[PDB]
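The data block below is data.cif; it holds mmCIF, C-alpha atoms.
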data_coords
loop_
_atom_site.group_PDB
_atom_site.id
_atom_site.type_symbol
_atom_site.label_atom_id
_atom_site.label_comp_id
_atom_site.auth_asym_id
_atom_site.auth_seq_id
_atom_site.Cartn_x
_atom_site.Cartn_y
_atom_site.Cartn_z
ATOM 1 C CA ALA A 1 -3.412 -6.145 -20.296
ATOM 2 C CA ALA A 2 -2.370 -9.509 -18.883
ATOM 3 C CA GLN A 3 0.637 -10.426 -16.782
ATOM 4 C CA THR A 4 1.176 -14.131 -16.670
ATOM 5 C CA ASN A 5 2.666 -15.946 -13.701
ATOM 6 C CA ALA A 6 2.002 -12.913 -11.536
ATOM 7 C CA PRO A 7 2.445 -12.911 -7.791
ATOM 8 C CA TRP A 8 -0.761 -14.303 -6.278
ATOM 9 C CA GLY A 9 -1.789 -10.965 -4.774
ATOM 10 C CA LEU A 10 -1.700 -9.151 -8.092
ATOM 11 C CA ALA A 11 -3.760 -11.964 -9.579
ATOM 12 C CA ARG A 12 -6.154 -11.719 -6.628
ATOM 13 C CA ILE A 13 -7.105 -8.070 -6.915
ATOM 14 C CA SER A 14 -8.048 -8.501 -10.556
ATOM 15 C CA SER A 15 -10.105 -11.652 -9.861
ATOM 16 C CA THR A 16 -13.538 -12.555 -8.563
ATOM 17 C CA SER A 17 -11.922 -15.824 -7.365
ATOM 18 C CA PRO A 18 -8.807 -16.946 -5.563
ATOM 19 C CA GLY A 19 -6.442 -19.483 -7.055
ATOM 20 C CA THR A 20 -5.435 -17.836 -10.316
ATOM 21 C CA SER A 21 -2.032 -16.543 -11.413
ATOM 22 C CA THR A 22 -2.545 -13.924 -14.105
ATOM 23 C CA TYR A 23 -2.870 -10.225 -13.364
ATOM 24 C CA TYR A 24 -5.215 -8.226 -15.580
ATOM 25 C CA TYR A 25 -5.289 -4.442 -15.667
ATOM 26 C CA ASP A 26 -5.837 -1.401 -17.889
ATOM 27 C CA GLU A 27 -2.623 -0.571 -19.744
ATOM 28 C CA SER A 28 -2.770 2.988 -18.447
ATOM 29 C CA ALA A 29 -1.283 1.356 -15.337
ATOM 30 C CA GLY A 30 -1.351 4.443 -13.128
ATOM 31 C CA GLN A 31 0.622 6.615 -15.502
ATOM 32 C CA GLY A 32 0.411 10.277 -14.436
ATOM 33 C CA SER A 33 -0.234 9.355 -10.799
ATOM 34 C CA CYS A 34 2.204 9.479 -7.901
ATOM 35 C CA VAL A 35 2.531 7.291 -4.867
ATOM 36 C CA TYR A 36 4.589 8.229 -1.849
ATOM 37 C CA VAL A 37 6.120 5.347 0.070
ATOM 38 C CA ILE A 38 6.733 6.531 3.622
ATOM 39 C CA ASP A 39 9.004 3.883 4.993
ATOM 40 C CA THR A 40 12.683 2.845 5.220
ATOM 41 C CA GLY A 41 13.439 4.242 1.785
ATOM 42 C CA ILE A 42 13.443 2.783 -1.711
ATOM 43 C CA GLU A 43 16.328 1.350 -3.717
ATOM 44 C CA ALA A 44 15.548 3.437 -6.760
ATOM 45 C CA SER A 45 18.319 1.775 -8.725
ATOM 46 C CA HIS A 46 16.479 -1.555 -8.784
ATOM 47 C CA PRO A 47 15.834 -2.599 -12.392
ATOM 48 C CA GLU A 48 12.294 -3.333 -11.319
ATOM 49 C CA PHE A 49 11.503 0.396 -10.930
ATOM 50 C CA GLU A 50 12.655 1.337 -14.426
ATOM 51 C CA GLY A 51 13.644 4.885 -13.524
ATOM 52 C CA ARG A 52 10.237 5.680 -12.022
ATOM 53 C CA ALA A 53 11.375 5.588 -8.375
ATOM 54 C CA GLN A 54 13.176 8.373 -6.564
ATOM 55 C CA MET A 55 14.019 9.279 -2.954
ATOM 56 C CA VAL A 56 12.700 12.750 -2.146
ATOM 57 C CA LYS A 57 13.275 12.994 1.603
ATOM 58 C CA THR A 58 15.188 11.403 4.453
ATOM 59 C CA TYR A 59 15.469 12.126 8.194
ATOM 60 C CA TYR A 60 18.663 10.018 8.538
ATOM 61 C CA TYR A 61 22.253 10.009 7.305
ATOM 62 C CA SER A 62 21.167 8.393 4.073
ATOM 63 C CA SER A 63 18.101 8.178 1.896
ATOM 64 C CA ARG A 64 19.135 4.678 0.826
ATOM 65 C CA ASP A 65 16.975 1.743 1.970
ATOM 66 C CA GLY A 66 19.358 -0.246 4.160
ATOM 67 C CA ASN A 67 16.477 -2.427 5.371
ATOM 68 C CA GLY A 68 14.445 -3.685 2.405
ATOM 69 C CA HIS A 69 10.974 -3.154 3.805
ATOM 70 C CA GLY A 70 10.321 0.147 1.998
ATOM 71 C CA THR A 71 11.750 -1.285 -1.181
ATOM 72 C CA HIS A 72 9.364 -4.266 -0.899
ATOM 73 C CA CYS A 73 6.297 -2.079 -0.357
ATOM 74 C CA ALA A 74 7.332 0.238 -3.232
ATOM 75 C CA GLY A 75 7.651 -2.851 -5.416
ATOM 76 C CA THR A 76 4.122 -3.866 -4.620
ATOM 77 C CA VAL A 77 2.919 -0.378 -5.441
ATOM 78 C CA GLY A 78 4.642 0.043 -8.750
ATOM 79 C CA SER A 79 7.434 -2.293 -9.821
ATOM 80 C CA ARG A 80 7.251 -3.707 -13.350
ATOM 81 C CA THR A 81 6.862 -7.296 -12.155
ATOM 82 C CA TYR A 82 5.545 -7.107 -8.602
ATOM 83 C CA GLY A 83 3.508 -3.880 -8.713
ATOM 84 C CA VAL A 84 -0.160 -3.013 -9.018
ATOM 85 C CA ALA A 85 0.397 0.285 -10.805
ATOM 86 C CA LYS A 86 3.198 -0.452 -13.155
ATOM 87 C CA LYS A 87 3.555 3.033 -14.575
ATOM 88 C CA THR A 88 3.124 5.255 -11.505
ATOM 89 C CA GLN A 89 5.817 7.562 -10.192
ATOM 90 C CA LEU A 90 7.215 6.478 -6.855
ATOM 91 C CA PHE A 91 8.568 8.889 -4.237
ATOM 92 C CA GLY A 92 10.481 7.641 -1.201
ATOM 93 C CA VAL A 93 10.286 9.351 2.158
ATOM 94 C CA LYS A 94 12.566 7.715 4.722
ATOM 95 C CA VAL A 95 10.907 8.163 8.115
ATOM 96 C CA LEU A 96 12.149 4.760 9.262
ATOM 97 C CA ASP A 97 15.749 3.819 9.958
ATOM 98 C CA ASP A 98 17.584 0.875 8.518
ATOM 99 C CA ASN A 99 16.359 -1.217 11.427
ATOM 100 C CA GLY A 100 12.796 -0.322 10.445
ATOM 101 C CA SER A 101 12.074 1.847 13.454
ATOM 102 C CA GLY A 102 11.164 5.517 13.692
ATOM 103 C CA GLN A 103 10.082 8.169 16.152
ATOM 104 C CA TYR A 104 6.488 9.333 15.846
ATOM 105 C CA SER A 105 7.728 12.899 15.592
ATOM 106 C CA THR A 106 9.695 11.914 12.496
ATOM 107 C CA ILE A 107 6.763 10.053 10.968
ATOM 108 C CA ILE A 108 4.512 13.037 11.538
ATOM 109 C CA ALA A 109 7.060 15.316 9.907
ATOM 110 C CA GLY A 110 7.159 12.955 6.919
ATOM 111 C CA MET A 111 3.383 13.059 6.561
ATOM 112 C CA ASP A 112 3.185 16.837 6.592
ATOM 113 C CA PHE A 113 6.167 16.775 4.223
ATOM 114 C CA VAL A 114 4.173 14.795 1.711
ATOM 115 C CA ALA A 115 1.100 17.054 1.982
ATOM 116 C CA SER A 116 3.351 19.962 0.840
ATOM 117 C CA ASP A 117 5.783 18.161 -1.426
ATOM 118 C CA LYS A 118 3.062 16.994 -3.763
ATOM 119 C CA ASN A 119 2.883 20.623 -4.907
ATOM 120 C CA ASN A 120 6.396 20.160 -6.178
ATOM 121 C CA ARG A 121 5.575 17.110 -8.222
ATOM 122 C CA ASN A 122 3.718 16.429 -11.453
ATOM 123 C CA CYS A 123 0.822 14.117 -10.598
ATOM 124 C CA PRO A 124 -2.025 15.172 -12.882
ATOM 125 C CA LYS A 125 -3.916 11.935 -12.173
ATOM 126 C CA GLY A 126 -3.602 12.221 -8.415
ATOM 127 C CA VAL A 127 -1.508 11.466 -5.384
ATOM 128 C CA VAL A 128 -1.366 8.493 -3.013
ATOM 129 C CA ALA A 129 0.611 7.892 0.165
ATOM 130 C CA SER A 130 1.320 4.401 1.437
ATOM 131 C CA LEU A 131 2.106 3.945 5.149
ATOM 132 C CA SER A 132 3.246 0.452 6.075
ATOM 133 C CA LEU A 133 4.003 1.445 9.609
ATOM 134 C CA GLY A 134 2.381 2.184 12.929
ATOM 135 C CA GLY A 135 2.499 1.781 16.685
ATOM 136 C CA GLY A 136 0.286 2.474 19.679
ATOM 137 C CA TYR A 137 -2.613 4.916 19.667
ATOM 138 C CA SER A 138 -1.457 8.536 19.194
ATOM 139 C CA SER A 139 -3.910 11.336 18.476
ATOM 140 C CA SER A 140 -1.106 13.440 17.022
ATOM 141 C CA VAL A 141 -0.121 10.682 14.596
ATOM 142 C CA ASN A 142 -3.715 10.230 13.515
ATOM 143 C CA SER A 143 -4.112 13.947 13.115
ATOM 144 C CA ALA A 144 -1.122 14.081 10.777
ATOM 145 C CA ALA A 145 -2.613 11.265 8.703
ATOM 146 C CA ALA A 146 -5.900 13.123 8.591
ATOM 147 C CA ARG A 147 -4.159 16.333 7.443
ATOM 148 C CA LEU A 148 -2.386 14.482 4.654
ATOM 149 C CA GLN A 149 -5.692 12.977 3.532
ATOM 150 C CA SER A 150 -7.445 16.313 3.848
ATOM 151 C CA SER A 151 -4.726 17.845 1.678
ATOM 152 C CA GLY A 152 -5.810 15.676 -1.262
ATOM 153 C CA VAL A 153 -3.691 12.568 -0.897
ATOM 154 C CA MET A 154 -5.181 9.106 -0.802
ATOM 155 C CA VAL A 155 -3.727 7.779 2.443
ATOM 156 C CA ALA A 156 -3.486 4.029 2.831
ATOM 157 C CA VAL A 157 -2.202 2.731 6.179
ATOM 158 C CA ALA A 158 -1.527 -0.730 7.596
ATOM 159 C CA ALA A 159 -3.954 -2.108 10.185
ATOM 160 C CA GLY A 160 -1.069 -3.692 12.102
ATOM 161 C CA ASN A 161 0.122 -7.239 12.821
ATOM 162 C CA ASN A 162 -1.131 -7.782 16.389
ATOM 163 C CA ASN A 163 -4.197 -9.942 15.673
ATOM 164 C CA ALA A 164 -6.129 -7.381 17.661
ATOM 165 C CA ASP A 165 -8.464 -4.467 17.125
ATOM 166 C CA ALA A 166 -6.826 -1.714 15.053
ATOM 167 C CA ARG A 167 -8.523 0.894 17.235
ATOM 168 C CA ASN A 168 -5.483 0.866 19.532
ATOM 169 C CA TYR A 169 -2.902 1.612 16.884
ATOM 170 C CA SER A 170 -1.929 4.681 14.888
ATOM 171 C CA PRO A 171 -2.276 5.749 12.227
ATOM 172 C CA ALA A 172 -4.410 2.593 11.705
ATOM 173 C CA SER A 173 -7.083 4.001 13.979
ATOM 174 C CA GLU A 174 -7.542 7.286 12.056
ATOM 175 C CA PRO A 175 -11.060 7.132 10.627
ATOM 176 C CA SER A 176 -10.570 9.424 7.637
ATOM 177 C CA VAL A 177 -7.795 7.388 6.055
ATOM 178 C CA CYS A 178 -7.895 3.969 4.423
ATOM 179 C CA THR A 179 -6.981 1.273 6.918
ATOM 180 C CA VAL A 180 -5.885 -1.968 5.273
ATOM 181 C CA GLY A 181 -5.946 -5.467 6.736
ATOM 182 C CA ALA A 182 -4.218 -8.553 5.317
ATOM 183 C CA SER A 183 -5.523 -11.724 3.629
ATOM 184 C CA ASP A 184 -3.893 -14.895 2.297
ATOM 185 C CA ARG A 185 -4.035 -16.766 -1.002
ATOM 186 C CA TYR A 186 -6.942 -18.901 0.262
ATOM 187 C CA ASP A 187 -9.004 -15.795 1.129
ATOM 188 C CA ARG A 188 -8.396 -16.171 4.845
ATOM 189 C CA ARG A 189 -7.706 -13.263 7.109
ATOM 190 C CA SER A 190 -3.983 -13.309 7.693
ATOM 191 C CA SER A 191 -3.137 -14.862 11.024
ATOM 192 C CA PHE A 192 -1.545 -11.642 12.301
ATOM 193 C CA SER A 193 -3.895 -9.149 10.689
ATOM 194 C CA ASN A 194 -5.532 -6.579 12.934
ATOM 195 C CA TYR A 195 -9.291 -6.203 12.613
ATOM 196 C CA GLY A 196 -12.080 -3.958 13.942
ATOM 197 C CA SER A 197 -14.624 -1.401 12.756
ATOM 198 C CA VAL A 198 -11.882 1.032 11.652
ATOM 199 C CA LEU A 199 -10.722 -1.320 8.880
ATOM 200 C CA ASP A 200 -11.848 -0.144 5.443
ATOM 201 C CA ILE A 201 -10.543 -2.923 3.279
ATOM 202 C CA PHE A 202 -8.416 -6.030 2.992
ATOM 203 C CA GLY A 203 -5.575 -6.698 0.550
ATOM 204 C CA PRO A 204 -3.151 -9.584 -0.020
ATOM 205 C CA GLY A 205 -0.614 -9.698 2.815
ATOM 206 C CA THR A 206 0.601 -13.260 3.329
ATOM 207 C CA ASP A 207 3.607 -14.500 1.348
ATOM 208 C CA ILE A 208 3.865 -11.512 -0.971
ATOM 209 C CA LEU A 209 6.714 -11.525 -3.479
ATOM 210 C CA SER A 210 8.287 -8.162 -4.312
ATOM 211 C CA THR A 211 11.533 -6.265 -4.719
ATOM 212 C CA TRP A 212 14.263 -6.216 -2.105
ATOM 213 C CA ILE A 213 17.494 -4.323 -1.689
ATOM 214 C CA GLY A 214 20.630 -5.483 -3.467
ATOM 215 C CA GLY A 215 18.686 -5.772 -6.700
ATOM 216 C CA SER A 216 16.917 -8.774 -5.238
ATOM 217 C CA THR A 217 13.405 -10.143 -4.559
ATOM 218 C CA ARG A 218 11.738 -11.911 -1.627
ATOM 219 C CA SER A 219 8.429 -13.099 -0.220
ATOM 220 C CA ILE A 220 7.344 -11.707 3.118
ATOM 221 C CA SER A 221 4.127 -11.200 5.094
ATOM 222 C CA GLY A 222 2.370 -8.379 6.886
ATOM 223 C CA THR A 223 -0.307 -5.739 6.700
ATOM 224 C CA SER A 224 2.716 -3.792 5.447
ATOM 225 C CA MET A 225 2.355 -5.873 2.259
ATOM 226 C CA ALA A 226 -1.418 -5.443 2.019
ATOM 227 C CA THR A 227 -1.265 -1.627 2.272
ATOM 228 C CA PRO A 228 0.696 -0.969 -0.968
ATOM 229 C CA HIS A 229 -1.689 -3.242 -2.882
ATOM 230 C CA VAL A 230 -4.448 -0.790 -1.983
ATOM 231 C CA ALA A 231 -2.195 2.259 -2.521
ATOM 232 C CA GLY A 232 -1.306 1.013 -6.006
ATOM 233 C CA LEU A 233 -4.913 0.155 -6.765
ATOM 234 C CA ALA A 234 -5.922 3.669 -5.789
ATOM 235 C CA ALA A 235 -3.341 5.201 -8.096
ATOM 236 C CA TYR A 236 -4.416 2.892 -10.919
ATOM 237 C CA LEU A 237 -8.097 3.813 -10.427
ATOM 238 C CA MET A 238 -7.357 7.561 -10.179
ATOM 239 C CA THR A 239 -5.468 7.330 -13.486
ATOM 240 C CA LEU A 240 -8.499 5.711 -14.961
ATOM 241 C CA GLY A 241 -10.639 8.619 -13.811
ATOM 242 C CA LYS A 242 -12.817 6.314 -11.756
ATOM 243 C CA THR A 243 -12.300 8.034 -8.445
ATOM 244 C CA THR A 244 -10.355 10.730 -6.559
ATOM 245 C CA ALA A 245 -7.915 10.918 -3.653
ATOM 246 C CA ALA A 246 -10.789 12.018 -1.392
ATOM 247 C CA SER A 247 -13.186 9.245 -2.476
ATOM 248 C CA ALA A 248 -10.921 6.325 -3.489
ATOM 249 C CA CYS A 249 -11.074 4.373 -0.200
ATOM 250 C CA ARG A 250 -14.877 4.478 -0.353
ATOM 251 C CA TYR A 251 -14.779 3.557 -4.017
ATOM 252 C CA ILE A 252 -12.506 0.620 -3.322
ATOM 253 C CA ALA A 253 -14.913 -0.572 -0.608
ATOM 254 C CA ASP A 254 -17.882 -0.038 -3.000
ATOM 255 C CA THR A 255 -16.272 -2.195 -5.748
ATOM 256 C CA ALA A 256 -14.621 -4.808 -3.508
ATOM 257 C CA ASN A 257 -15.202 -8.523 -3.525
ATOM 258 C CA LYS A 258 -17.677 -8.840 -0.681
ATOM 259 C CA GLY A 259 -18.229 -11.695 1.755
ATOM 260 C CA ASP A 260 -15.402 -13.893 0.367
ATOM 261 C CA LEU A 261 -12.935 -13.851 3.271
ATOM 262 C CA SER A 262 -12.904 -16.299 6.116
ATOM 263 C CA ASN A 263 -12.226 -15.597 9.764
ATOM 264 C CA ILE A 264 -13.368 -12.031 9.607
ATOM 265 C CA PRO A 265 -14.591 -11.160 13.087
ATOM 266 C CA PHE A 266 -18.120 -9.936 13.541
ATOM 267 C CA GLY A 267 -18.139 -6.177 13.067
ATOM 268 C CA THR A 268 -15.210 -6.074 10.664
ATOM 269 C CA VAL A 269 -15.705 -5.493 6.937
ATOM 270 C CA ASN A 270 -15.597 -8.489 4.643
ATOM 271 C CA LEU A 271 -14.188 -6.627 1.650
ATOM 272 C CA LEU A 272 -11.221 -7.582 -0.532
ATOM 273 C CA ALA A 273 -9.619 -5.020 -2.860
ATOM 274 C CA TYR A 274 -10.556 -5.609 -6.485
ATOM 275 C CA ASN A 275 -9.859 -3.568 -9.590
ATOM 276 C CA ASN A 276 -13.034 -4.672 -11.406
ATOM 277 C CA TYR A 277 -10.999 -4.737 -14.599
ATOM 278 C CA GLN A 278 -12.692 -6.374 -17.541
ATOM 279 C CA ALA A 279 -10.346 -6.845 -20.522
#

So that I can check it, write out the structure of this file as structure tokens.
Amino acid sequence: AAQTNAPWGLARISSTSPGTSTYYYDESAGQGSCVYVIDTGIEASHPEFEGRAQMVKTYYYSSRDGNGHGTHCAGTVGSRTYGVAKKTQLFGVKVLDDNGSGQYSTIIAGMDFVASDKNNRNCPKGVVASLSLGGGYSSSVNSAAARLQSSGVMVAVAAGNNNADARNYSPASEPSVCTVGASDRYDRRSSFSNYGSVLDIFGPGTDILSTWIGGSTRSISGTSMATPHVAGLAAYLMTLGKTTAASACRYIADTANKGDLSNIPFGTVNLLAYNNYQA
């Protein structure tokens, strides 16, 4: 399938080259998979989600996304226009308040929530969790991420926006999950992107168009935007049968565009997420 005048990032992870604007992907489009978006919520009513988004948990007075961030990430995962995996099922877990902040205890609870809740969902093609959040190093946060992964969920987490080594942030620094840095439309490392040996992969993160609350759209930047590209890609590839929740990060690294990014510090992977789709 081909989506013309796609957002650049969608075009990028189906291309061996930057600078194109059509997204190509297998029409299965992640159908039968599920991706949890652990964030500020999701505006499920957005036309862009087509009935495939739902809130399943909140820790606050509402499960509505009063921020927009979680809605944007969800859109990159699976919205009809802005999403990688255009037929996945999207589940919102609001660990972050409408100001975009959250206690680590709450985030940890959300992670263990997802590890259990998947057993209450129909996801025959597999389960992904996307975590466009983080703060300073916490072993208990990492451990929760590792449990969720261990439980059979493909965990994708943002590297962070400090232009520093991701080793000092959680859950970025958890080795067993898939830590995602950010790149721009010219295949440069995003200016803010964290780096380091604990990065697994890069995805598009600068000037990423997606859904926003109030039925809207906007372009923003962050490793928060890169993470759901990889989360969606995982779900898409699991639906294709190509990989599993346990092996998808590795598979994505294996099949990445290699050596194409600039300003990747020595010791950091030079791998850009790529669906290897050939129509």

Item to check | Picked residues, the PyMOL selection byres ((chain A and resi 149) around 10), as a ChimeraX atom specification | outcome: /A:111,115,127-129,143-148,150-156,176-178,245-246

Next on the checklist: Between atom CA of residue A:124 and atom CA of residue A:55, what is the distance in Å, rounded to a tenth?
Outcome noted: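 For atom CA of residue A:124 relative to atom CA of residue A:55, the distance reads 19.8 Å.
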
Item to check | Spatial neighbours of stretch 226-243 of chain A, max dist 6 Å, only C-alpha atoms, sep filter under 3 positions, as a PyMOL selection string | outcome: chain A and resi 29-30+33+73+76-77+84-85+125+130+156-158+180+182+203-205+223+248

Checklist entry - What is the distance, in Å and to one decimal place, between atom CA of residue A:206 and atom CA of residue A:225? => result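 One can read the atom CA of residue A:206 to atom CA of residue A:225 distance as 7.7 Å.
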
Item to check | Output check: residues returned by the PyMOL selection byres ((chain A and resi 163) around 12), as a list in words | outcome: residues 159, 160, 161, 162, 164, 165, 166, 167, 168, 169, 181, 182, 189, 190, 191, 192, 193, 194, 195, 196, 222, 223, 263, 264 and 265 of chain A

Would you pick out the contacts of residue A:201 at 7 Å or less, using all atoms listed in the file, so that residues sharing its chain but fewer than 3 positions from it are not included, and give the list as a JSON list (two decimals) with C-alpha atoms, in the coordinates of the input?
[["chain", "number", "residue", "atom", "x", "y", "z"],
["A", 179, "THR", "CA", -6.98, 1.27, 6.92],
["A", 180, "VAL", "CA", -5.88, -1.97, 5.27],
["A", 181, "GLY", "CA", -5.95, -5.47, 6.74],
["A", 253, "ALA", "CA", -14.91, -0.57, -0.61],
["A", 269, "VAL", "CA", -15.70, -5.49, 6.94],
["A", 271, "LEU", "CA", -14.19, -6.63, 1.65],
["A", 272, "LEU", "CA", -11.22, -7.58, -0.53],
["A", 273, "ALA", "CA", -9.62, -5.02, -2.86]]

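As for atom CA of residue A:90 and atom CA of residue A:207, they are spaced 22.8 Å apart.
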
Item to check | From A:277, A:23, A:251, A:82, residue lying nearest residue A:47 [all atoms listed in the file] | outcome: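 For residue A:47, the nearest of the given residues is A:82.
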
Checklist entry - Residues picked by the PyMOL selection byres ((chain A and resi 259) around 8) here, as a PyMOL selection string? => result chain A and resi 257-258+260-261+270-271

Item to check | Point (9.3, 4.5, 9.1), cut-off 7 Å, counting only C-alpha atoms, residues as a list in words | outcome: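 The answer, in the requested form, is residues 38, 39, 40, 94, 95, 96, 97, 100, 101, 102, 107 and 133 of chain A.
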
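Nearest to residue A:274 of all the residues A:75, A:184, A:88, A:256 is A:256, counting all atoms listed in the file.
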
Checklist entry - Quick one: of A:45, A:262, A:197, A:3, who's nearest to residue A:26, counting only C-alpha atoms? => result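 Of the candidates, the smallest distance to residue A:26 is held by A:3.
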
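Between residue A:37 and the candidates A:80, A:86, A:57, A:218, the tightest atom-to-atom separation, counting only C-alpha atoms, involves A:57.
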
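Distances here use all atoms listed in the file; by that measure, the residue among A:278, A:17, A:211, A:89 closest to residue A:67 is A:211.
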
Next on the checklist: List as a ChimeraX atom specification the protein and nucleic acid residues near residue A:41, meaning an atom at most 7 Å away when all atoms listed in the file are counted, but skip any in the same chain fewer than 2 places from it.
Outcome noted: /A:39,43,55,63-65,70-71,92-94

Checklist entry - Which one is closest to residue A:216: A:51, A:32, A:68, A:18? Count only C-alpha atoms. => result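 Ranking A:51, A:32, A:68, A:18 by distance to residue A:216, first place goes to A:68.
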
Using the block above, I'd like stretch 133-147 of chain A written out, keeping N, CA and C atoms and formatting it as a PDB file, in the first residue's frame.
ATOM      1  N   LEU A 133       8.087   8.919  27.828  1.00  0.00           N
ATOM      2  CA  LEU A 133       8.236   9.510  29.132  1.00  0.00           C
ATOM      3  C   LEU A 133       9.563   9.070  29.734  1.00  0.00           C
ATOM      4  N   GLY A 134       9.919   9.740  30.826  1.00  0.00           N
ATOM      5  CA  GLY A 134      11.089   9.292  31.584  1.00  0.00           C
ATOM      6  C   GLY A 134      11.555  10.391  32.521  1.00  0.00           C
ATOM      7  N   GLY A 135      12.467  10.054  33.411  1.00  0.00           N
ATOM      8  CA  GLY A 135      13.172  11.049  34.202  1.00  0.00           C
ATOM      9  C   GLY A 135      14.532  10.492  34.583  1.00  0.00           C
ATOM     10  N   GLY A 136      15.002  10.854  35.777  1.00  0.00           N
ATOM     11  CA  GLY A 136      16.321  10.419  36.208  1.00  0.00           C
ATOM     12  C   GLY A 136      16.400   8.926  36.478  1.00  0.00           C
ATOM     13  N   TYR A 137      17.626   8.406  36.572  1.00  0.00           N
ATOM     14  CA  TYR A 137      17.828   6.989  36.788  1.00  0.00           C
ATOM     15  C   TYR A 137      16.988   6.520  37.987  1.00  0.00           C
ATOM     16  N   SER A 138      16.175   5.488  37.815  1.00  0.00           N
ATOM     17  CA  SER A 138      15.561   4.750  38.911  1.00  0.00           C
ATOM     18  C   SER A 138      15.593   3.251  38.671  1.00  0.00           C
ATOM     19  N   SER A 139      16.176   2.470  39.588  1.00  0.00           N
ATOM     20  CA  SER A 139      16.225   1.038  39.303  1.00  0.00           C
ATOM     21  C   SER A 139      14.811   0.469  39.340  1.00  0.00           C
ATOM     22  N   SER A 140      13.933   1.074  40.139  1.00  0.00           N
ATOM     23  CA  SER A 140      12.602   0.477  40.280  1.00  0.00           C
ATOM     24  C   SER A 140      11.774   0.740  39.025  1.00  0.00           C
ATOM     25  N   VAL A 141      11.995   1.890  38.394  1.00  0.00           N
ATOM     26  CA  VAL A 141      11.352   2.181  37.119  1.00  0.00           C
ATOM     27  C   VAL A 141      11.848   1.246  36.023  1.00  0.00           C
ATOM     28  N   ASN A 142      13.155   1.013  36.014  1.00  0.00           N
ATOM     29  CA  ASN A 142      13.702   0.133  34.981  1.00  0.00           C
ATOM     30  C   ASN A 142      13.138  -1.255  35.196  1.00  0.00           C
ATOM     31  N   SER A 143      13.053  -1.632  36.484  1.00  0.00           N
ATOM     32  CA  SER A 143      12.656  -3.010  36.760  1.00  0.00           C
ATOM     33  C   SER A 143      11.235  -3.271  36.270  1.00  0.00           C
ATOM     34  N   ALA A 144      10.383  -2.266  36.418  1.00  0.00           N
ATOM     35  CA  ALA A 144       9.006  -2.324  35.963  1.00  0.00           C
ATOM     36  C   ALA A 144       8.927  -2.455  34.447  1.00  0.00           C
ATOM     37  N   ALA A 145       9.787  -1.705  33.756  1.00  0.00           N
ATOM     38  CA  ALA A 145       9.897  -1.813  32.303  1.00  0.00           C
ATOM     39  C   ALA A 145      10.331  -3.220  31.904  1.00  0.00           C
ATOM     40  N   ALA A 146      11.295  -3.743  32.652  1.00  0.00           N
ATOM     41  CA  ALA A 146      11.831  -5.059  32.347  1.00  0.00           C
ATOM     42  C   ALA A 146      10.777  -6.137  32.576  1.00  0.00           C
ATOM     43  N   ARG A 147      10.006  -6.022  33.656  1.00  0.00           N
ATOM     44  CA  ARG A 147       8.864  -6.919  33.895  1.00  0.00           C
ATOM     45  C   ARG A 147       7.856  -6.903  32.762  1.00  0.00           C
TER      46      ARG A 147
END
